[PDB]
Number of protein chains: 6
Amino acid sequence: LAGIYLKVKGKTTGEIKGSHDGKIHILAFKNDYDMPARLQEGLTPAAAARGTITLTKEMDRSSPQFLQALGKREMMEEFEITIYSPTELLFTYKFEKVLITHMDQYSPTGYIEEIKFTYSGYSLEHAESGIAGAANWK
Amino acid sequence: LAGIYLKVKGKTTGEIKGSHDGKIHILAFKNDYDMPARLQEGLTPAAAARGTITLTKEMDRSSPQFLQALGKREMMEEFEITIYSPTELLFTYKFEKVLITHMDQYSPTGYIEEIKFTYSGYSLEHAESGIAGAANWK
Amino acid sequence: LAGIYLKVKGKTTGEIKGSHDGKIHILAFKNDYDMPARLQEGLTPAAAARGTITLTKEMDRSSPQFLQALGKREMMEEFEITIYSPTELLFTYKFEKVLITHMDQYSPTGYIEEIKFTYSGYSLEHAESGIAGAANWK
Amino acid sequence: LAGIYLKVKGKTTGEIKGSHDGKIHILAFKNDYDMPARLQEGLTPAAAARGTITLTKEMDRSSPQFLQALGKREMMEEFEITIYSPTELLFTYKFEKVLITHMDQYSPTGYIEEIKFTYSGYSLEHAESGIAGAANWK
Amino acid sequence: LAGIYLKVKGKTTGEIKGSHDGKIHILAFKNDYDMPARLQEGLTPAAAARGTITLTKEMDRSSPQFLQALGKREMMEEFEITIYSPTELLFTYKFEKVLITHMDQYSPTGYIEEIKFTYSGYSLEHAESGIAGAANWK
Amino acid sequence: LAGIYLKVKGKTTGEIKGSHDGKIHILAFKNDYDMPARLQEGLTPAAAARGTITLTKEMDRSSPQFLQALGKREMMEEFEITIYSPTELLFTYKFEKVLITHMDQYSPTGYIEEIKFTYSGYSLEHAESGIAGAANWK
């Protein structure tokens with residue numbers, strides 16, 4: 001089925017699922033990555049950069065798991081986003097050193113949450129072509 | 001009946017009710033929880049974090065009670081939110097060390113108030129599944 | 001008649017009226033009260049808090065009186081808001097140490113003003129039930 | 001005729017008129033007056049306060065006169081706003097120590113300008129009733 | 001023909017034209033002029049003030065010329081805006097010591113640019129009446 | 001075909017293409033260039049200035065390549081934007097010392113990304129006329 005799916009396992013919680021077997025349906029995503037134009041003398045690109053990905057999802061059985069990880073600073077052991085479109089896989093993201101840094105959960109005004117994850121290493125792969133990019137990986 | 005309900009008791013005021021017996025009908029909620037990506041050396045997660053929950057409700061007989069607690073820094077002894085949806089219980093939140101930190105009460109432009117509560121320990125439980133998360137609890 | 005009414009007397013000006021006899025019809029109100037989560041060591045709640053109430057009203061014969069009080073830092077000797085709804089009294093607010101801190105008066109774009117009052121002590125009373133709250137009073 | 005009119009004379013320019021004889025038709029006004037809740041020890045109310053009135057008007061023959069006064073810091077010798085409504089005079093404002101502090105002139109997106117005036121002394125008078133207020137006057 | 005026209009010559013580039021012969025059709029303008037209420041002791045009005053005029057225009061053959069002047073800090077030798085309305089000349093602006101300080105060029109979302117010019121001396125003249133104002137001129 | 005096209009090669013990645021042969025179709029662009037009015041004593045125009053161009057595009061096979069370059073601070077060896085309109089070439093931009101400084105990639109709320117590039121030298125050329133501008137080039 002078409003759309004955005006997350007495959008995630010916490011370092012202490014283990015596999016986090018919703019109700020693409022084992023994957024959580026994501027309603028929307030925004031990957032935001034910032035690099036200053038001027039690199040501080042002697043500073044690594046990675047330390048200068050800020051990568052965050054915000055996932056919007058229906059509140060579900062994973063919602064307690066994410067909420068706990070946030071407060072306990074639990075790292076995600078596995079974090080992979082796969083995007084399907086008309087049928088076929090389009091994009092695969094993978095992220096390393098993933099920490100949850102913000103959650104908002106809210107009612108209608110169904111129940112929705114926005115979860116923001118900060119990461120270090122990343123990978124994006126265009127499936128049809130096989131072109132991939134990665135930085136700060138392993 | 002479907003929707004968001006609060007069960008609350010003040011440490012000095014005692015049980016706070018409106019007109020789900022003993023529970024206050026809440027129109028909307030937003031649970032906002034922030035964790036810095038970089039943890040200050042020697043700082044607890046809890047001290048780095050900020051958890052707030054904002055409740056929107058019709059002004060009612062509890063409105064004076066909340067307004068007083070706010071000005072007197074009265075802690076909530078009990079603070080539990082239960083969310084029902086089509087029929088059935090979906091989610092239970094519990095919060096510890098609950099202090100009211102902001103209120104806005106206002107006319108049409110019926111009478112509505114937004115109440116913001118800061119907390120320390122929290123719990124969220126997905127009812128159907130029993131999956132729960134908690135941090136900084138007791 | 002239904003709506004929001006103010007009963008106000010200045011310490012030097014005396015009773016301030018418009019054209020609920022002696023009360024000023026208010027179009028809208030917003031009571032905003034802020035309490036920091038962390039209380040500075042040795043600081044009173046009252047000094048940490050900020051209470052303001054903003055009243056929206058048609059410009060009228062009281063408009064010069066409020067405008068003068070603002071510039072002269074005249075305290076309100078009496079300041080009571082009463083809210084009526086369908087018929088019956090709903091809520092009574094009373095405020096102490098009331099100073100006007102901001103006015104905006106403006107044309108259509110009838111003549112309207114927004115008046116912001118800062119206070120110390122406050123009271124809110126739910127009429128039907130008699131439940132009341134107050135802080136920093138007398 | 002109904003609406004907002006300005007009567008103004010510059011200290012060096014003399015009488016400033018448009019095409020209520022001698023008065024400039026104003027499209028809109030906003031009188032904004034701010035008083036800090038806490039008065040700095042030994043500070044006059046007037047020095048703590050900020051009064052500004054913003055007038056919106058069609059660009060006209062007075063537009064060069066206001067634009068020049070702004071750049072030359074020319075004080076207004078006379079500055080009176082009169083407001084007429086259905087027929088009859090409603091309100092009279094008078095301002096002292098009037099300096100122009102901001103102009104924006106702009107095309108359709110007819111030709112319009114917003115002019116912001118800072119003042120010290122002020123007066124507002126409700127015509128029908130004769131109730132007046134003033135502060136920091138002469 | 002009605003509207004806003006610019007006559008401009010760069011100090012090094014010479015005359016800058018588009019496709020009112022020799023004048024560039026401007027879609028919109030905003031002249032923004034700021035004067036602080038308090039003049040720093042010993043500071044000229046001109047140094048305290050900030051005058052900027054923002055011109056919105058279709059991208060055209062002048063677009064490279066303005067873009068270059070911006071990066072090279074080239075002063076405009078001539079800068080005159082004339083505004084025609086129903087037929088007849090309404091207003092003439094002239095500006096001295098004109099430097100381009102910001103450009104945004106952008107696609108539909110035809111090709112449009114917003115160009116912001118900072119100036120020192122200025123003049124505005126109401127044509128029908130001949131009333132003029134100027135400050136900081138020559 | 002009409003619209004905005006990018007021709008780009010990374011210094012390490014080589015040619016970056018999508019699915020105007022070899023050019024990437026761009027949905028929208030915004031070239032933003034800022035020059036302070038006051039040039040710091042002894043500072044070059046280039047160091048005072050900030051030039052950025054933001055490109056909006058469908059996520060595609062180039063998306064991994066741009067995302068990697070961003071994190072690795074890879075400079076673009078070639079960066080040329082060409083704009084076609086009704087049929088014919090309108091504008092050519094060229095940029096030097098191009099670094100990617102920000103990306104946002106996001107879902108519908110197809111898959112879209114906004115990519116912000118900072119540059120030093122630039123050129124813009126109006127094709128029909130041949131008028132060109134450039135600063136800080138080679």
# chains A, B, ... in the order shown; residues from 1 in each chain; ligands from 1

call {"tool": "select_by_dssp", "arguments": {"residues": "chain F", "states": "strand (DSSP E)", "output": "JSON, numbers by chain"}}
result
{"F": [3, 4, 5, 6, 7, 8, 9, 10, 14, 15, 16, 24, 25, 26, 28, 29, 30, 31, 32, 33, 34, 50, 51, 52, 53, 54, 55, 56, 57, 58, 75, 76, 77, 78, 79, 80, 81, 82, 83, 84, 85, 88, 89, 90, 91, 92, 93, 94, 95, 98, 99, 100, 101, 102, 103, 104, 105, 106, 112, 113, 114, 115, 116, 117, 118, 119, 122, 123, 124, 125, 126, 132, 133, 134, 135]}

call {"tool": "residues_around", "arguments": {"residues": "range 107-114 of chain D", "least_positions_apart": "4", "cutoff": "9 Å", "atoms": "only C-alpha atoms", "output": "ChimeraX atom specification"}}
result
/D:54-60,63,102-103 /E:4,27-30

call {"tool": "write_last_selection", "arguments": {"atoms": "N, CA, C and O atoms", "output": "mmCIF file, in the first residue's frame"}}
result
data_model
loop_
_atom_site.group_PDB
_atom_site.id
_atom_site.type_symbol
_atom_site.label_atom_id
_atom_site.label_comp_id
_atom_site.auth_asym_id
_atom_site.auth_seq_id
_atom_site.Cartn_x
_atom_site.Cartn_y
_atom_site.Cartn_z
ATOM 1 N N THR D 54 -1.296 56.458 15.266
ATOM 2 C CA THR D 54 -1.004 56.140 13.871
ATOM 3 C C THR D 54 -2.227 56.561 13.057
ATOM 4 O O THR D 54 -3.331 56.136 13.404
ATOM 5 N N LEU D 55 -2.003 57.376 12.023
ATOM 6 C CA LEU D 55 -3.060 57.878 11.167
ATOM 7 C C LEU D 55 -2.864 57.285 9.769
ATOM 8 O O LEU D 55 -1.760 57.301 9.207
ATOM 9 N N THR D 56 -3.959 56.773 9.187
ATOM 10 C CA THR D 56 -3.932 56.242 7.837
ATOM 11 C C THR D 56 -4.694 57.226 6.964
ATOM 12 O O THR D 56 -5.760 57.662 7.386
ATOM 13 N N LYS D 57 -4.119 57.607 5.814
ATOM 14 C CA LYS D 57 -4.722 58.671 4.994
ATOM 15 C C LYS D 57 -4.357 58.446 3.534
ATOM 16 O O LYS D 57 -3.351 57.819 3.246
ATOM 17 N N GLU D 58 -5.181 59.007 2.625
ATOM 18 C CA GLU D 58 -4.816 59.033 1.219
ATOM 19 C C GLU D 58 -3.629 59.979 1.054
ATOM 20 O O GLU D 58 -3.563 61.028 1.708
ATOM 21 N N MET D 59 -2.641 59.584 0.229
ATOM 22 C CA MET D 59 -1.548 60.468 -0.114
ATOM 23 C C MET D 59 -2.148 61.674 -0.848
ATOM 24 O O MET D 59 -3.074 61.493 -1.624
ATOM 25 N N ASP D 60 -1.660 62.868 -0.540
ATOM 26 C CA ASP D 60 -2.241 64.110 -1.033
ATOM 27 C C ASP D 60 -1.192 65.205 -0.898
ATOM 28 O O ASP D 60 -0.008 64.911 -0.770
ATOM 29 N N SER D 63 1.193 65.232 2.046
ATOM 30 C CA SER D 63 2.140 64.124 2.117
ATOM 31 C C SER D 63 3.585 64.620 2.086
ATOM 32 O O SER D 63 4.373 64.230 2.972
ATOM 33 N N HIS D 102 7.429 57.841 12.262
ATOM 34 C CA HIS D 102 7.499 56.826 11.229
ATOM 35 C C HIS D 102 6.491 57.163 10.143
ATOM 36 O O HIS D 102 5.380 57.584 10.446
ATOM 37 N N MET D 103 6.896 56.977 8.885
ATOM 38 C CA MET D 103 5.943 57.005 7.770
ATOM 39 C C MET D 103 6.166 55.806 6.864
ATOM 40 O O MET D 103 7.295 55.429 6.600
ATOM 41 N N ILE E 4 3.514 53.828 -11.802
ATOM 42 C CA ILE E 4 4.749 54.198 -11.120
ATOM 43 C C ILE E 4 5.901 53.965 -12.080
ATOM 44 O O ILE E 4 6.005 52.873 -12.636
ATOM 45 N N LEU E 27 5.724 47.971 -10.426
ATOM 46 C CA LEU E 27 4.426 47.404 -10.074
ATOM 47 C C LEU E 27 3.901 47.940 -8.750
ATOM 48 O O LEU E 27 2.683 48.051 -8.576
ATOM 49 N N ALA E 28 4.807 48.121 -7.773
ATOM 50 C CA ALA E 28 4.417 48.617 -6.470
ATOM 51 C C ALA E 28 5.621 49.283 -5.802
ATOM 52 O O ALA E 28 6.752 48.949 -6.141
ATOM 53 N N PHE E 29 5.357 50.177 -4.832
ATOM 54 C CA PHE E 29 6.426 50.798 -4.050
ATOM 55 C C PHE E 29 5.975 50.902 -2.596
ATOM 56 O O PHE E 29 4.787 50.970 -2.303
ATOM 57 N N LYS E 30 6.963 50.983 -1.704
ATOM 58 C CA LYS E 30 6.732 51.255 -0.294
ATOM 59 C C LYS E 30 7.912 52.113 0.162
ATOM 60 O O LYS E 30 9.044 51.649 0.088
#

call {"tool": "select_by_dssp", "arguments": {"residues": "chain D", "states": "helix (DSSP H, G or I)", "output": "PDB file with C-alpha atoms, in the first residue's frame"}}
result
ATOM      1  CA  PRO D  45       5.008  58.488  34.680  1.00  0.00           C
ATOM      2  CA  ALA D  46       5.510  60.470  31.451  1.00  0.00           C
ATOM      3  CA  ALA D  47       9.066  59.207  30.947  1.00  0.00           C
ATOM      4  CA  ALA D  48       7.957  55.598  31.630  1.00  0.00           C
ATOM      5  CA  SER D  63       2.140  64.124   2.117  1.00  0.00           C
ATOM      6  CA  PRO D  64       5.340  66.117   1.217  1.00  0.00           C
ATOM      7  CA  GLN D  65       4.848  68.308   4.315  1.00  0.00           C
ATOM      8  CA  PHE D  66       4.617  65.367   6.740  1.00  0.00           C
ATOM      9  CA  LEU D  67       7.502  63.590   4.977  1.00  0.00           C
ATOM     10  CA  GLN D  68       9.734  66.643   5.402  1.00  0.00           C
ATOM     11  CA  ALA D  69       8.765  67.248   9.061  1.00  0.00           C
ATOM     12  CA  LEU D  70       9.682  63.609   9.770  1.00  0.00           C
ATOM     13  CA  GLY D  71      13.227  64.001   8.458  1.00  0.00           C
ATOM     14  CA  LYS D  72      13.779  67.456  10.017  1.00  0.00           C
TER      15      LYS D  72
END

call {"tool": "residues_around", "arguments": {"residues": "residue 89 in chain D", "least_positions_apart": "2", "cutoff": "9 Å", "atoms": "only C-alpha atoms", "output": "list in words"}}
result
residues 2, 82, 83, 84, 85, 86, 87, 91, 92, 126, 127 and 128 of chain D

call {"tool": "interface_residues", "arguments": {"of": "chain F", "to": "chain E", "cutoff": "7 Å", "atoms": "only C-alpha atoms", "output": "number ranges by chain"}}
result
F: 28-37, 45, 124-126, 129, 131-135

call {"tool": "atom_distance", "arguments": {"atom1": "CA of residue 76 in chain F", "atom2": "CA of residue 26 in chain F"}}
result
16.9 Å

call {"tool": "residues_around", "arguments": {"residues": "residue 96 in chain A", "least_positions_apart": "4", "cutoff": "12 Å", "atoms": "only C-alpha atoms", "output": "NGL selection string"}}
result
:A and (8-9 or 51-53 or 75-80 or 117-123 or 134-138)

call {"tool": "atom_distance", "arguments": {"atom1": "CA of residue 16 in chain F", "atom2": "CA of residue 93 in chain A"}}
result
19.3 Å

call {"tool": "atom_distance", "arguments": {"atom1": "CA of residue 88 in chain D", "atom2": "CA of residue 22 in chain D"}}
result
18.2 Å
